[PDB]
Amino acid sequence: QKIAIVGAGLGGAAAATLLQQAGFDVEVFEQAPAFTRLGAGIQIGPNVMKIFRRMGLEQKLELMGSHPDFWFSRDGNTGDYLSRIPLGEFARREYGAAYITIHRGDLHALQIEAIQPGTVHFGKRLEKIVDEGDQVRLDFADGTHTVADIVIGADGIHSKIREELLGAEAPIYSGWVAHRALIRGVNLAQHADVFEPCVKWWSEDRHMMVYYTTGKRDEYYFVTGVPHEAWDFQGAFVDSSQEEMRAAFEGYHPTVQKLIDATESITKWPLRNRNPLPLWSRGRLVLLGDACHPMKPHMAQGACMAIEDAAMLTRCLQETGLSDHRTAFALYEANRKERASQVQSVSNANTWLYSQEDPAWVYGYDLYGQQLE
């Protein structure tokens, strides 16, 4: 009884670690020819820190990442504080875990290192997947192939598993864009007094989220959401420039302007205008994360949902075993579709932490306390 996970992202590697720790025989196949530390920040709330606790990674992750005392929502133009969401020691006491902001590449690397060695394969690009009935044949672009009893679809937004299941999918134009940059140097130390640990700068049609990536506060990361022309480039990221960011964020608070001046290299990433409806499973194939329920990143919860899917899916396979995968896949959708729908409608309103609201329904969620029924 073997599980084949397609895709070694944050979601797939989390499923690999959790399912292997539960006793299952899991192998992962990643299309990237090598592993890359992404070189960006990521936010990890207490609800997912509890999943990292089950992997034995929470204590370690608390050592690298930055622990912001507050989430500040600030008006981009005036700098007025729209919300001051208490985290820090309050988050630990009220939600049972810490709210951390951390280097995504170092988290991604530590996650894959938690998988049993010799079971993660790079350069394995899935081209064809055939549900033979009793088993599934996976065909890779390098000519090699494998077989497993179930396949986990963790191939992200451009999931080949969703494609072979539902078809080519209609084209989605990219009308928005996301600038990203890591800031180190004396440019950070010169303005460190005005650089807050975790703050989102809002305006009328754009935003900039900024936070530190380590506990040492020696690295500062921002990620934006700006209207943009239709993305028709050969790559998933193009090099931006200070002139582009200055024009995009004209009128913003001097702190935001200082941030743009402090950069050395800025990359630009396209964002989809729309996403398809969730597809949880069909036959022996089961999906998680962006492959299952692609969403707008307005809530900074996508990867957290991918790991939550991995945790809930493991709880369901532990209850039924691979011999009864259909019941496991049904129990996994039934125990996740309401939470995923709630996150979907909040990113739809694009209002997450704009004003002073109670984030307990996200951070205080107990994935392991839920009854599967």
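In case it trips you up, residue 1 is the first one in the sequence shown, and so on.
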| task | Look over 54 to 62 and 344 to 352 in the entry and identify the one with the greater average Cα temperature factor. | result | 344 to 352
| message | Please compare 187 to 195 with 68 to 76 and name the stretch with the higher mean C-alpha B-factor in the deposited structure. | response | 187 to 195
| task | In terms of CA temperature factor as recorded, identify the highest of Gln111, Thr101, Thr146, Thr119. | result | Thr146
| query | When the CA B-factors of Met209, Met245, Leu277, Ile152 are compared as recorded in the entry, which is the largest? | reply | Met245
| So where's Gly105 on the chain's Cα temperature factor ranking, which third? | lowest
| message | What third of the chain does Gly251 rank in for C-alpha temperature factor, lowest, middle or highest? | response | middle
| note | Temperature factor at the Cα of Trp202, chain-ranked in thirds, falls in the middle
| note | So, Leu87's CA B-factor, relative to its chain, sits in which third? The middle
| field | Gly167 CA temperature factor, ranked by third within the chain | value | highest
